[PDB]
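Here's the letter readout for the chains.
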Amino acid sequence: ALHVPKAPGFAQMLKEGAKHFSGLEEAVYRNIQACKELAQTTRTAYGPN
Amino acid sequence: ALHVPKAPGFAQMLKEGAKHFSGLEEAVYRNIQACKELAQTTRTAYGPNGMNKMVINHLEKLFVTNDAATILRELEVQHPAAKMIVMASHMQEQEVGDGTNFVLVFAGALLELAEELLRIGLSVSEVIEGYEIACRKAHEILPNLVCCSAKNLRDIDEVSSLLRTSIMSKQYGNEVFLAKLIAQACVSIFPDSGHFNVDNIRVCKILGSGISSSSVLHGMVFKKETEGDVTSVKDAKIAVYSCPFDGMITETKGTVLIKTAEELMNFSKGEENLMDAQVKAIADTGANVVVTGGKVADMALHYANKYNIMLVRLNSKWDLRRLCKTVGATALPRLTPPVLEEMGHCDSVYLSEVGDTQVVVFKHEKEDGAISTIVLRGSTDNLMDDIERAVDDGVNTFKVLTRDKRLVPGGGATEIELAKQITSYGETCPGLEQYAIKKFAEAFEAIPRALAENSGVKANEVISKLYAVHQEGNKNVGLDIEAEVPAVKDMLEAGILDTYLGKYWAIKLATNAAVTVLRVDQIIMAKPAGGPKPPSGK
Amino acid sequence: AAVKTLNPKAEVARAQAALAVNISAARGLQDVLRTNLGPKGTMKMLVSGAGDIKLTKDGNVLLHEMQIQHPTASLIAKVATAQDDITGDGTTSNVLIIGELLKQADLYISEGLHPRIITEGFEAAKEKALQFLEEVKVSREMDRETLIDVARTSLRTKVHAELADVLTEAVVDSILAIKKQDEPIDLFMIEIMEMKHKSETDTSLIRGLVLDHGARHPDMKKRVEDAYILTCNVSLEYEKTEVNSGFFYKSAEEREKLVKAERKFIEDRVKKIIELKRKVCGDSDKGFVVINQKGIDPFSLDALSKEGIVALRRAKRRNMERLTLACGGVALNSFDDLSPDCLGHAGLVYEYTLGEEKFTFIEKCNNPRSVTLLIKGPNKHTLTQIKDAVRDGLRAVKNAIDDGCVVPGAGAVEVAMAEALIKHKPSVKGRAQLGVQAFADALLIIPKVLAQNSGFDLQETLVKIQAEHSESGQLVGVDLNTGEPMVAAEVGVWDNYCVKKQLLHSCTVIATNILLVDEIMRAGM
Amino acid sequence: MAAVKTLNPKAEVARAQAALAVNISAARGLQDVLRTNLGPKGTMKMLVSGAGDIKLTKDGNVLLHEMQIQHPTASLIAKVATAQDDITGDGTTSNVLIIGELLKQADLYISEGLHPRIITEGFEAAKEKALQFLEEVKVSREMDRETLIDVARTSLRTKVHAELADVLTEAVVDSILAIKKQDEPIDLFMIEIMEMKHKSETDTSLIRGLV
Amino acid sequence: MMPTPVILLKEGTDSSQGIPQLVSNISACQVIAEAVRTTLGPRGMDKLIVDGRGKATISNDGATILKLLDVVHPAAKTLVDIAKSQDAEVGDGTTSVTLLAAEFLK
Amino acid sequence: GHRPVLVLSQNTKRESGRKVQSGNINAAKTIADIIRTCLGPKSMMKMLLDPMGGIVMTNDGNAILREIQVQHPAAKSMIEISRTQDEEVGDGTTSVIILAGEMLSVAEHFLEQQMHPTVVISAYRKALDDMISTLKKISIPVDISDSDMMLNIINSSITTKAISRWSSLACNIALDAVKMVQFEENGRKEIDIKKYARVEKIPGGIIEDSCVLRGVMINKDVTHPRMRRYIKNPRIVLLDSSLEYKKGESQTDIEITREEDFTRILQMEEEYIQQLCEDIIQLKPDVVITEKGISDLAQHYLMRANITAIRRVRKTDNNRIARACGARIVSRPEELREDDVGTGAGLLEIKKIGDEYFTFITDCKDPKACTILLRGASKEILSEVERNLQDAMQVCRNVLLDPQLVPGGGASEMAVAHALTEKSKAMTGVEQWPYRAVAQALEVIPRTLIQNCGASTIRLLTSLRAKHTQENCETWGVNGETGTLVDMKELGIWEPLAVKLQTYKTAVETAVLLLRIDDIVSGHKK
Ligand SMILES: Nc1ncnc2c1ncn2[C@@H]1O[C@H](COP(=O)(O)OP(=O)(O)O)[C@@H](O)[C@H]1O
Ligand SMILES: Nc1ncnc2c1ncn2[C@@H]1O[C@H](COP(=O)(O)OP(=O)(O)O)[C@@H](O)[C@H]1O
Ligand SMILES: Nc1ncnc2c1ncn2[C@@H]1O[C@H](COP(=O)(O)OP(=O)(O)O)[C@@H](O)[C@H]1O
Ligand SMILES: [Mg+2]
Ligand SMILES: [Mg+2]
Ligand SMILES: [Mg+2]
Ligand SMILES: [Mg+2]
Ligand SMILES: [Mg+2]
């Protein structure tokens with residue numbers, strides 16, 4: 001009653017170093033956040049100023 | 001595709017150190033194999049021709065013995081089915097005192113034959129039912145195999161002859177002498193009252209002169225020394241005190257309060273005078289021997305020496321109780337002089353040296369007394385311990401004989417007759433349980449087979465001869481160990497007889513243990529722990 | 001994951017992962033406990049970390065002794081623990097029904113159905129099933145035969161046939177002995193005592209008390225025929241002053257006087273006991289037995305033994321009530337006013353010695369309202385198994401006495417309930433009919449497991465039993481010897497009504513709660 | 001514990017219901033992952049390699065190859081789907097889904113004490129009947145341009161976006177009709193697939209020649 | 001012999017059975033007798049034994065020499081025990097008993 | 001040697017700028033997302049693994065939040081506000097978390113748009129004042145005497161929990177406990193359900209058997225078997241001092257020089273015990289309850305007068321008994337009076353439940369304290385039932401103190417949002433945009449209800465917003481089960497005004513507090 005086992009199926013068959021992000025919140029929102037971060041890093045160099 | 005994952009469910013839910021065994025092959029066959037291994041380990045010590053075993057426990061303590069119970073106790077048995085077999089053997093030892101090796105041999109034979117029956121196609125339930133039916137039939141048959149009764153227990157030679165078979169398996173070379181010793185010790189005890197107490201037999205082990213110099217003493221022997229000058233009394237009048245031989249003190253708190261010079265001057269003189277008065281009052285009753293369970297004060301010892309009183313101090317309370325039983329006195333709680341009913345009498349009390357040990361002897365001259373002591377001599381501690389085990393077996397056999405006087409022939413005769421009759425009964429039983437009944441009957445062959453193997457002859461020839469002789473109509477014929485060729489002889493004439501109650505209990509316990517082992521189908525062992533013993537076992 | 005984002009060392013299972021984990025754990029527990037159900041089940045062996053051996057067939061003991069560290073396993077274990085604590089039976093059936101409910105629910109959830117509709121169907125089916133159970137119970141006058149039948153249906157499932165037959169008589173007789181009319185049964189008045197010297201079939205009922213201690217004075221009588229029992233809670237040993245007194249003397253004579261004087265308080269109570277004994281019995285024919293909950297110093301033991309009184313010290317706390325109910329005396333906390341009317345009576349008192357431990361028997365009471373069960377066996381694990389079995393039997397008989405009704409066993413009630421649920425399913429509105437069907441299929445697990453343990457096949461036996469029930473309308477169960485349908489009421493296979501109701505309620509509640517779990521979290525570090 | 005572990009202590013073995021449970025779990029896991037692939041309304045999967053290469057795909061076989069899976073039953077299913085792709089070139093996701101559902105349905109009855117062998121005879125009889133019905137139900141047509149365009153639509157629309165699939169339908173049908181010889185096997189090696197990285201995805205087309 | 005995942009005795013238990021172990025026991029007895037062999041007779045010689053603490057014991061007595069020897073062999077301990085028994089009951093002959101027993105075994 | 005020199009100590013991290021604001025708002029949004037799915041009547045269970053080995057199955061937002069451990073201080077602030085909301089009103093713990101997360105999320109936009117946080121905070125405070133005004137405006141009165149309306153209120157409060165199917169019994173239990181605990185002394189109204197409304201859980205039985213007793217129940221038994229376990233009309237005497245001989249606090253020593261002094265001391269101890277017992281008996285009671293041990297001699301003396309006695313009882317349980325049976329706890333039996341004797345308990349029974357004894361002092365007439373006997377499947381189920389009952393009792397107390405109600409199911413949120421948007425049209429400054437942002441961010445509750453119900457969010461929310469722009473539609477919410485717009489005058493889902501006010505205040509001030517944060521410094525010790 002102190003540990004959460006991996007769900008049977010794909011979770012157990014995943015490799016030791018692999019990652020699996022599925023669904024809207026886990027994948028799409030994270031990708032949008034990463035793209036927004038990249039745009040934020042490059043934004044300040046826009047225009048003559 | 002290079003690893004086999006654990007199956008979903010209980011396999012993954014199991015703890016990291018736990019193990020799970022289920023089914024026939026993983027559990028039942030493994031348990032049967034372990035029990036057979038234990039039985040084979042113990043088998044070589046069966047019978048008079050059994051060899052002793054050197055056993056070293058976790059504390060590096062020597063053990064030489066062919067006693068199955070002691071060997072099992074001093075082996076770190078880890079397989080739990082073997083643990084059940086061992087505890088069944090220990091229960092047999094507790095209830096009767098002999099037949100533990102019989103229990104192991106019978107249980108092992110039953111389990112191997114049950115494994116064979118399971119292999120050929122029988123179910124566990126059928127095997128268990130057949131074993132239970134065959135055990136009931138054997139218990140019904142056993143009273144009919146009784147050859148003779150004890151018919152006298154106050155006799156010396158007859159009791160020695162009865163116990164000779166019991167103590168012939170252990171110390172096979174010289175069993176007549178030990179039989180006489182144990183017979184005398186057991187006949188001194190066991191008065192007109194039918195009850196017989198095993199604890200009333202005391203064994204004192206003093207090495208030096210070989211076991212042939214052992215004797216029996218109608219009294220008690222303590223490996224201690226007298227605390228006073230007097231070391232010999234011829235008309236002893238022991239007075240036993242549980243309290244220390246000193247002036248009693250308050251249990252709350254003692255504080256001597258002095259307010260004047262006179263009190264300081266007179267306190268020690270008054271205390272010494274009180275001690276002298278108490279000792280003289282004790283002596284005036286005639287008590288020339290004083291036994292105390294506590295420490296002895298210097299002034300009390302001095303005044304006891306002044307009045308010629310023999311002092312013996314017994315630290316153990318069990319020894320004090322046994323001395324009170326032997327002499328016939330009462331352990332007084334205070335230092336008051338004893339009245340005539342509480343004053344014990346012994347015919348001779350003296351200090352003596354045996355070998356290189358100083359002992360105090362409370363010797364009776366009459367062939368009576370509540371407690372009798374056997375003094376054992378020898379050259380090795382291990383040999384003397386083995387002789388003590390043999391004496392314990394003889395005393396337990398005498399106790400069983402007091403409980404039940406019926407006897408059955410030994411040397412495999414009883415087992416062969418039981419096997420023959422159980423096979424005859426099972427040949428008339430329709431259904432699938434006939435195989436189990438026949439296997440239960442065949443399991444009795446392991447006793448004469450073990451005896452023949454230990455004696456050095458071929459077991460098959462002996463068993464065939466035993467079947468032939470039992471078929472022609474002789475039920476008292478067993479294995480003859482005094483021959484280089486496989487041969488048999490009548491055992492009623494030879495006096496090689498076993499207690500009926502011992503055989504009955506051994507058969508019952510072995511069958512129960514085998515059935516209990518067979519009933520187990522799944523095993524769930526937790527992760528082993530090296531804890532500092534259970535709290536109950538300290 | 002959000003939780004993993006906030007707490008890096010967090011284990012989280014979400015959405016279908018939660019259901020998969022819970023259902024896998026429940027199905028694993030069910031797979032382990034299938035072989036327990038029924039008298040034809042297989043005994044399981046349990047070895048602890050210290051090497052202790054435990055043979056058992058009870059569901060609760062097996063659940064506690066499995067080496068499992070799973071959350072859903074803990075939940076099911078708690079449910080079974082409550083089941084055993086209140087009713088005393090049905091733990092294995094509890095686990096099986098929970099597992100099969102979860103499996104049947106998954107059978108529909110995996111096809112896109114939401115668990116809420118399944119839970120609604122489960123609850124509607126539970127209500128209808130409770131109604132049917134009320135309609136099907138058999139209200140009977142609990143005579144001796146019915147109680148023997150119930151005790152048989154429990155013990156035969158728990159232990160060997162002959163041992164069960166002996167324990168049936170033992171348990172039924174004990175319950176009949178301690179029970180008073182229209183009064184709740186106190187199972188605390190049956191003392192379960194273990195002895196380890198003879199066979200398991202030697203277990204019997206002593207209409208009295210057996211104590212795990214004997215007289216400590218060697219000169220006391222070992223057997224008293226007609227005895228006056230004096231149960232008491234008075235310290236008969238030396239007691240120290242609460243105010244730290246100590247003694248002050250100036251000579252040896254003063255010390256002797258103080259020693260003789262400090263025992264007067266205890267000696268007064270000893271003298272009171274002696275005078276009461278002398279007044280009550282003026283001859284040597286009758287006897288006196290003193291059972292004290294507190295210690296007795298050797299001086300008082302000697303003083304009592306000099307008057308032929310057997311004294312027992314450090315008795316159990318509940319032994320006071322047990323002796324007052326059995327012998328018929330009055331427990332005393334002081335000797336301020338002791339009279340013969342407060343003395344119990346016993347028709348025979350004797351001591352039995354077994355190895356290093358000694359036992360005292362108090363029997364032949366006029367009408368013992370408290371009795372004791374003596375468990376005898378050659379092994380410790382045998383004693384533990386017999387104690388568990390007699391506990392289950394006592395619980396079953398007490399439940400049968402309390403609830404005047406009784407439910408037919410052998411899975412007949414489950415089959416009838418499933419049939420009624422299937423018939424009632426069209427009345428359910430919406431898609432909860434799927435949940436009702438799943439509940440009926442889950443209820444049908446008991447005959448399936450019974451047939452599997454008995455060796456037959458599930459499908460053929462189940463369809464035969466269901467067809468027989470539909471054709472005849474009777475309560476036909478499973479015959480574990482032949483596999484044919486059989487009227488459980490006629491043959492005497494009975495089940496406790498309270499046990500069945502508790503099974504339904506607890507199983508439905510826990511299944512509904514588990515089905516609605518969508519996330520398992522571990523972020524307390 | 002088992003016979004295998006007696007001879008080889010460092011051996012991993014699953015026996016009786018354990019092996020069946022392992023196989024069912026692996027098949028159901030693969031089916032659960034590949035459920036979202038079926039149909040034109042399926043979802044893209046982004047597959048990142050160890051070196052960091054990005055592969056957006058919907059194909060069942062390609063997705064199985066880029067799984068990070070080390071399971072035996074998964075390997076068997078992957079081999080079967082690989083053969084399916086090698087010979088016919090389509091139906092890998094349907095292959096995995098049907099295998100997983102077959103195993104799940106078989107386990108549904110096996111858990112009721114039924115032997116798997118009876119399920120196997122049921123499976124083979126049902127397969128024979130289904131093959132007969134499929135032979136009965138097929139629609140024999142003259143493969144004109146319209147039917148080929150419809151088939152190319154039914155494939156590409158599932159594989160790629162709507163308008164991109166519409167362009168690829170014309171491209172593929174025209175290329176096949178260009179290289180097709182009357183009553184002769186079609187040699188697909190004669191359609192060179194050249195890729196450039198300078199225009200939009202809808203600028204792909206067909207050249208009646210070579211590049 | 002197989003690993004047998006569940007084992008009968010405790011792991012690390014050493015067992016020796018048959019004629020070879022009896023022969024080894026006899027050889028150990030001879031080894032013990034050799035350690036006091038030269039201390040017998042008017043021409044006998046003393047033996048010096050140093051303990052862990054550095055104390056040196058010089059003795060011609062067979063029983064003392066055997067006691068100072070830290071024997072651990074189960075069969076060899078019997079010779080030391082019988083030497084102690086001879087010392088206790090008689091006080092002389094402690095060298096003779098070990099030699100006689102070892103010669104019997106040889 | 002020659003160690004590096006620097007201003008602050010090592011491991012003293014410091015982060016500044018808009019990155020801090022983004023991190024704080026992201027932490028708040030993550031906290032909201034953790035329990036977003038546990039809102040509404042169709043919320044799902046959640047399993048929490050206690051570090052000590054326990055398991056918590058709960059739908060309460062506060063329990064879920066307090067059962068987890070976080071490192072980001074913004075998450076800590078969110079947990080703190082959830083605990084504050086739970087402690088203040090009793091429920092609304094997940095609604096306030098969701099609202100605070102949404103408000104911070106919509107403030108992130110203006111933070112990105114160069115607007116200073118102070119302007120955003122001022123707009124937030126104006127919005128909070130206007131929401132308070134609107135909530136007070138759209139409230140409705142409630143009569144205390146109408147028991148059916150109180151039961152309906154408690155039902156609407158507990159429809160979102162797992163006790164929704166036993167709602168009727170749960171509402172009756174909570175209402176009876178809250179009414180009977182209600183007490184007034186010296187002109188001071190008091191509803192202390194924490195101390196005098198005890199919830200006792202005993203696993204087993206059925207939940208339908210759970211009930212609230214007209215008295216108290218304790219896990220205690222008689223000290224002696226000869227002692228009555230069933231008294232019809234007991235006269236209760238309560239004690240908090242031991243009935244045994246004990247040493248004084250001064251170092252007292254006796255000096256015995258005479259023979260008879262030892263027995264005299266022991267007899268004096270016995271006589272002192274007898275004197276205390278006689279002082280107790282002088283009032284002629286029937287049962288005696290003590291918080292400290294009772295000597296065996298005292299037990300004998302009490303039984304001589306046929307008096308029941310319970311040995312050791314906790315302080316809180318003794319206070320509950322005193323409130324229930326009208327007794328007054330005393331320490332010195334010599335100071336005992338007739339008024340202190342507790343009469344009013346109509347029955348005392350000590351029955352056996354399962355394998356444990358329980359003492360009942362139920363059947364009281366006008367008792368001020370209660371125990372809530374809970375029976376159920378297991379311990380976790382009973383714990384969740386207890387949490388739901390606590391929520392119900394808190395809601396009942398809030399309604400008793402404040403008889404105002406506001407519509408539920410998102411109707412209040414939509415009405416307040418519409419009022420705020422209408423008021424925002426008058427403003428011409430830059431503050432209007434965050435004002436309207438708060439107005440629309442308040443719409444997260446109906447959106448979450450629709451999302452949990454499984455219905456389509458966009459069209460349902462658009463239709464609801466259009467409906468709330470009409471004349472009299474302030475009570476139009478959304479069904480949490482059927483996913484349809486319904487008037488709450490018909491559905492009947494009403495919730496106390498105090499809960500909504502506390503939720504809005506806590507959410508707005510949490511947003512304000514987290515908006516002021518910049519230049520996070522960490523690593524230093526104390
Ligand atoms: N002189 C003898 N000749 C043949 N058999 C004997 C003789 N003495 C004893 N036995 C057999 O040896 C068996 C005793 O074996 P033993 O070593 O005592 O095992 P246990 O101690 O378990 O009884 C008896 O069953 C008996 O039949
Ligand atoms: N002699 C019998 N014949 C047929 N069915 C039986 C018989 N005895 C018991 N049963 C059935 O088998 C089941 C045994 O359950 P049991 O093993 O006691 O589970 P638990 O211990 O959890 O109650 C009972 O439900 C009963 O209906
Ligand atoms: N039957 C219902 N239909 C629609 N909305 C409901 C219903 N019951 C409760 N609600 C809404 O759900 C909210 C209660 O959800 P709950 O899980 O209790 O959250 P909290 O713990 O924050 O109060 C209330 O604000 C109420 O408006
Ligand atoms: Mg023997
Ligand atoms: Mg049962
Ligand atoms: Mg395709
Ligand atoms: Mg010499
Ligand atoms: Mg709420």
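- Per the deposited record, cryo-EM is how this structure was determined, to a resolution of 2.9 Å.

### Here's the deal with the overall build of chain A
- Scanning chain A for helices and strands turns up two helices and zero strands.
- Taken over the C-alpha atoms alone, chain A extends approximately 60 × 25 × 20 Å along its principal axes.
- Roughly 4,000 Å² of accessible area belongs to chain A as shown, and the carbon and sulfur atoms make up 59% of that amount.
- Counting 6 positive and 4 negative side-chain charges, chain A places the centres of these two groups 3 Å from one another.

### Re a negative patch on the surface
- Among the surface-exposed residues, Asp-199 of chain B together with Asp-212, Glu-356 and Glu-357 of chain C lie close enough to one another that they form a single negatively charged patch.
- Relative to the elements of secondary structure, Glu-356 of chain C occurs in the loop between β14 (348-354) and β15 (357-363).

### Considering the arrangement of the chains
- The top pair by number of contacts, from a total of 11 pairs of chains in contact, is chains C and F.
- One thing to see here is that chain C and chain E don't touch, and their nearest C-alpha atoms sit 12 Å from each other.

### Concerning the sheet that holds strand β2 (residues 45-49) of chain F
- Here we have four strands laid out as an open sheet, ordered β1(C)-β21(C)-β2(F)-β3(F), and mixed in their pairing. Edge positions in the sheet fall to β1 (11-14) of chain C together with β3 (55-58) of chain F, since each of these pairs with one other strand and no more. Strand after strand, the sheet turns through a mean of 15° between neighbouring axes, direction not considered.
- Alignment of β1 of chain C against strand β21 (residues 517-522) of chain C, held across four bridges, turns out to be antiparallel. Of the residues in β21 of chain C, the one forming a bridge with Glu-11 of chain C is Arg-522 of chain C.
- Its contacts with the sheet put helix α2 (residues 16-33) of chain C on β1 and β21 of chain C together with β2 of chain F, and the angle it makes with β21 of chain C is roughly 85°.

### Some details on the site of ligand 2
Residues and elements named next belong to chain C.
- Taken together, 19 residues are adjacent to ligand 2, and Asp-89, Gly-90, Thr-92, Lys-158 and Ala-410 come closest.
- Within the backbone of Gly-90, one N or O atom sits 2.9 Å away from an oxygen atom of ligand 2.
- Contacts to ligand 2 include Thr-92, whose backbone N or O atom sits 2.7 Å from an oxygen atom.
- Considering ligand 2 on its own, with 580 Å² of exposed area, one finds that the protein chains cover 88% of that surface.

### Thoughts on the site of ligand 3
All names here are of chain F.
- Around ligand 3 lies a shell of 19 residues, among which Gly-92, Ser-95, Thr-160, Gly-409 and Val-478 are the nearest.
- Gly-92 is positioned with one of its backbone polar atoms (N or O) 3.2 Å from an oxygen atom of ligand 3.
- Note that an oxygen atom of ligand 3 is positioned 2.9 Å from one of the side-chain N or O atoms of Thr-160.
- Computed on the free molecule, ligand 3 has an accessible area of 570 Å², of which 93% lies beneath the protein chains in the complex.
- Among the elements that line the shell around ligand 3, the one with the most residues is helix α4 (residues 93-112), at three residues.

### Some remarks on the nonpolar core
- In terms of nonpolar packing, the biggest core is built from 178 residues, with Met-66 of chain C together with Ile-321, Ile-372 and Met-393 of chain F touching the most fellow members.
- Those residues in contact with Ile-372 of chain F that sit more than four places away from it in its chain are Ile-173, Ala-177, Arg-198, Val-199, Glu-200, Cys-211, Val-212, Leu-389 and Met-393 of chain F.

### Quick word on the packing of helix α8 (residues 161-178) of chain C against helix α13 (residues 380-402) of chain C
Residues and elements named next belong to chain C.
- At a minimum axis separation of 10 Å, α8 and α13 run at an interaxial angle of 50°. Taken together, α8 and α13 sit at an angle that is classed as oblique. Both α8 and α13 take part in a crossing whose hand is right-handed. Note on element contacts: α13 touches α8 through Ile-386, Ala-389, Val-390, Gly-393, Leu-394, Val-397 and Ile-401, opposite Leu-163, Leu-167, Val-171, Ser-174 and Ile-175.
- Considering only residue class, the contact of α8 with α13 consists of 10 nonpolar, two polar and no charged.

### Quick word on the interface of chain F and chain C
- Every contact between the two is made by 71 residues of chain F and, on the other side, 67 residues of chain C.
- A combined buried area of about 6,400 Å² lies between chain F and chain C, and 59% of that area is made up of carbon and sulfur atoms.
- It is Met-44, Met-47 and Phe-262 of chain F that lose the most area in chain F upon contact with chain C, and together they represent 11% of the buried surface on that side.
- Remark: the boundary between chain F and chain C carries nine salt bridges.
- A salt bridge links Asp-337 of chain C to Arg-304 of chain F; the shortest N-O distance between them is 2.4 Å.
- Where chain F meets chain C, there are 24 residue pairs in polar contact.
- For the side of chain F that touches chain C, the elements supplying multiple residues, two or more each, are α1 (18-35), β2, β3, α9 (261-281), α10 (296-304) and α12 (379-401) of chain F.
- Here the side of chain F that touches chain C is built from residues that sort into 31 nonpolar, 18 polar and 22 charged.
- Across three bridges, the pairing between β21 of chain C and β2 of chain F is parallel. The residue bridging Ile-520 of chain C from the neighbouring strand is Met-47 of chain F, located in β2 of chain F.

### Structural notes on the packing of aromatic side chains
All names here are of chain B.
- If you walk through the whole model with that rule in mind, you get 17 aromatic pairs over all chains.
- Considering the side-chain rings of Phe-102 and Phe-106, the 5.7 Å spacing of their centres and the 25° angle between planes classify their relative orientation as stacked. On the criterion of helical spacing, the pair formed by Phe-102 and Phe-106 is a turn pair, its members being four residues apart in helix α5 (residues 100-120).
- Taking the relative accessible area as the measure of exposure, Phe-102 reaches 4% and is therefore buried.
- We classify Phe-106 as buried; its relative accessible area is 0%.
- In textbook terms, an aromatic cluster arises when at least three aromatic residues are bridged by ring pairs, as seen for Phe-102, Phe-106, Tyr-131, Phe-440 and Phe-444.

### Concerning the side chain of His-470 of chain B
All names here are of chain B.
- Position of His-470 relative to the elements: it lies in helix α16 (residues 459-472).
- Assessed through its relative accessible area of 3%, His-470 is described here as buried.
- Engagement of the side chain of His-470 in a polar contact is seen with the backbone oxygen of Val-477, the distance being 3.1 Å.
- Those residues in contact with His-470 that sit more than four places away from it in its chain are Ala-413, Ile-416, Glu-417, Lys-420, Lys-475 and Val-477.

### So, the pattern of salt bridges
- Using the criterion set out here, one finds 99 salt bridges over all chains in the structure.
- Across the pair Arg-144 of chain C and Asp-173 of chain C runs a salt bridge, and its minimum N-O distance is 2.5 Å. Remark: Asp-173 of chain C occurs in helix α8 and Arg-144 of chain C occurs in helix α7 (residues 144-158); sequence separation between them is 29 residues.
- Residue class for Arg-144 of chain C comes out partly exposed when judged on its relative accessible area of 32%.
- Overall, the relative accessible area of 22% leaves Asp-173 of chain C in the partly exposed class.
- Residues joined by salt bridges that share partners form a network here, namely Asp-84, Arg-391 and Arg-395 of chain C together with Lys-352 and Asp-355 of chain F.

### Quick notes on the sheet that holds strand β12 (residues 308-310) of chain F
Residue and element names in this part refer to chain F.
- Pairing in this open sheet of three strands is parallel, and the strands run β10-β11-β12 from one edge to the other. Of all strands in the sheet, those bounded by a partner on one side alone are β10 (236-239) and β12. The average undirected angle you get between the axes of adjacent strands in this sheet is 15°.
- Strand direction decides the pairing type here: β10 and strand β11 (residues 287-290), joined by four bridges, are parallel. Each residue of the ladder has a partner; that of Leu-239, found in β11, is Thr-290.

Criteria and cut-off values
- Residues numbered from 1 in each chain as written, not as in the entry; some residues may be left out.
- Chains lettered and ligands numbered in written order.
- Part of a larger assembly, values for the part shown.
- Heavy atoms only, no water.
- Residues with missing side-chain atoms left out of burial classes, pairs and counts.
- Helix = DSSP H or I, 4+ residues; strand = E, 2+ residues; numbered from the N terminus.
- Areas by Shrake-Rupley, 256 points an atom, 1.4 Å probe, with all protein chains shown as cover.
- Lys, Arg positive; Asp, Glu negative; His and termini not counted.
- Charge placed at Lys NZ, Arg CZ, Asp CG, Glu CD.
- Patch = residues over 30% accessible without salt bridge, like charges linked within 9 Å, V, L, I, M, F, W, Y side chains within 5 Å.
- Salt bridge = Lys/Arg side-chain N within 4 Å of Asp/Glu carboxyl O.
- Contact = heavy atoms within 4.5 Å.
- Pairing = 2+ DSSP bridges.
- Axes fitted to C-alpha atoms, helices over the stretch in contact; angles between N-to-C directions.
- Near = heavy atom within 4 Å.
- Polar contact = N/O pair within 3.5 Å; in protein donor to acceptor, adjacent residues only side chain to side chain.
- Core = buried A, V, L, I, M, F, W, Y, C linked by side-chain atoms within 4.5 Å.
- Buried < 20%, exposed > 50% of the residue type's maximum accessible area, 1.4 Å probe, protein only.
- Parallel < 35°, antiparallel > 145°, perpendicular 65-115°, else oblique.
- Left-handed = near helix turned anticlockwise from the far one by under 90°.
- Nonpolar A, V, L, I, M, F, W, Y, C, P; charged D, E, K, R; others polar.
- Buried area = accessible area lost by both parts, 1.4 Å probe.
- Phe/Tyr/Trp six-rings, centres within 6.5 Å; stacked < 30°, edge-to-face > 60°.

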